[PDB]
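Just the one chain here, laid out as structure tokens, in the form deposited without adenosine-5'-diphosphate (ADP).
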């Protein structure tokens, strides 16, 4: 009665004092921004609330080796470019596969890449790149690889990388908000020297393999699962699942089906997926195949899922 106002008044003070998203009810609707960076899965886009990754923000994506985290980041890179943006890849790992990147949709030719000498240089170069104003996205691969110059010069010992990140991030956060650039930090499972990244990041994503998809004895890629453990732009703790196919990446068509049935926009009478009276396919694969062959209906289904949600 008289509490609902005192609560709303307190929530408003918190919002004004520390910014939007400082407090949220988990049932709240996502507040929709002008532009986001789609992730490649509509499922993940919905779990993120705002339909993609936020701009001008620190994003962390973490998981075990060979989990899908990079693939997810490369899809962000592909989508940012497809919207006419520029991308940079700060590489301290040296594992990137550009052919794979190509098949996801990355314009590798125009992808700025840097292979820095030290952890500080990696972040400095990231910073100069961001302050330009010309960059839509920058991926850092990865936190664990940002080894301190001192350590690489064989020279203080404990906490130097953690201090290197904290400092870098303090400066970088402003540059990002001002520039509108998204910075994805990839991280192996304070897991890496990213005790600080945990607090600077506006989105944190936990990526994992759930089960290997099969096509006989030799299968195909994996069913991936992402939890949005931190989300300052929409209520957190949302999970999403989607498929990553070896050589292809995230099955956009697969996420449309799943979320299609989830929303009742697609009906599954037996093994037959149907859409607005028409049949899509028998079994998931045929329905998936039907959607790549007919991009018109795929976009049709995508348009309908977005409307129903945001």
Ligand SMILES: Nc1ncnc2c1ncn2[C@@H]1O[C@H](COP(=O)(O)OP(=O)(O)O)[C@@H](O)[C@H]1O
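Only residues modelled in both forms are compared. Residue numbers count along the first chain shown, from 1. Under this definition, the rigid core comprises the largest set of C-alpha atoms superposing within 1.5 Å between the forms.
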Counting only other entries that model residues on either side, is residue 191 absent from the coordinates in at least a third? yes
Look at the other compared PDB entries that model both sides of residue 156, then say whether a third or more of them leave it out. yes
Where residue 155 meets residue 156 in the shown sequence, the number of deposited residues left unmodelled: 1 to 3
From residue 189 to residue 190, how many deposited residues does the entry skip: none, 1 to 3, 4 to 9, or 10 or more? 10 or more
Regarding 57-65 and 32-40, which shows the higher C-alpha temperature factor on average in the entry? 32-40
Entry-level comparison of average CA B-factors, 19-27 and 298-306, reporting the higher stretch: 298-306
Between 122, 130, 95, 220, which carries the biggest CA temperature factor in the record? 220
If I read the C-alpha B-factors straight from the PDB entry, which of 161, 114, 108, 181 is highest? 161
Here the Cα B-factor of residue 193, set against its chain, lands in the third termed highest
Residue 213: CA B-factor among chain residues, third -> highest
Using only modelled residues of the chain, where does the Cα B factor of residue 280 rank: lowest third, middle third or highest third? highest
Considering only modelled residues of the same chain, in which third does the CA B-factor of residue 247 rank: lowest, middle or highest? middle
What third of its chain's C-alpha B-factors does residue 270 belong to: lowest, middle or highest? highest
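Another form, the form solved in complex with adenosine-5'-diphosphate (ADP), is not on view; read the next lines as being about it.
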Which of 93-101, 160-168, 195-203, 129-137 has heavy atoms within 4.5 Å of adenosine-5'-diphosphate (ADP) in the entry with it bound? 93-101
Just one of 32, 263, 66, 282 has a heavy atom within 4.5 angstroms of adenosine-5'-diphosphate (ADP) in the entry with it bound, so which one? 66
Suppose contact means a heavy atom within 4.5 Å; in the entry with it bound, does that hold for all of 71, 209 and 222 with adenosine-5'-diphosphate (ADP)? yes
Indicate whether residue 188 is a 4.5 Å heavy atom neighbour of adenosine-5'-diphosphate (ADP) in the entry with it bound. yes
Classify residue 272 as contacting or not contacting adenosine-5'-diphosphate (ADP) in the entry with it bound by the rule of any non-hydrogen atom within 4.5 angstroms, answering yes or no. no
For residue 109, is the CA shift between the shown form and the other one at least 2 Å following rigid-core superposition? no
Superposing on the rigid core, does the Cα of residue 84 end up 2 Å or more away between the shown form and the other one? no
Which residue stretches between the shown form and the other one come out as moving, taking only runs of at least three where every Cα shifts by 2 Å or more after core superposition? 215-217
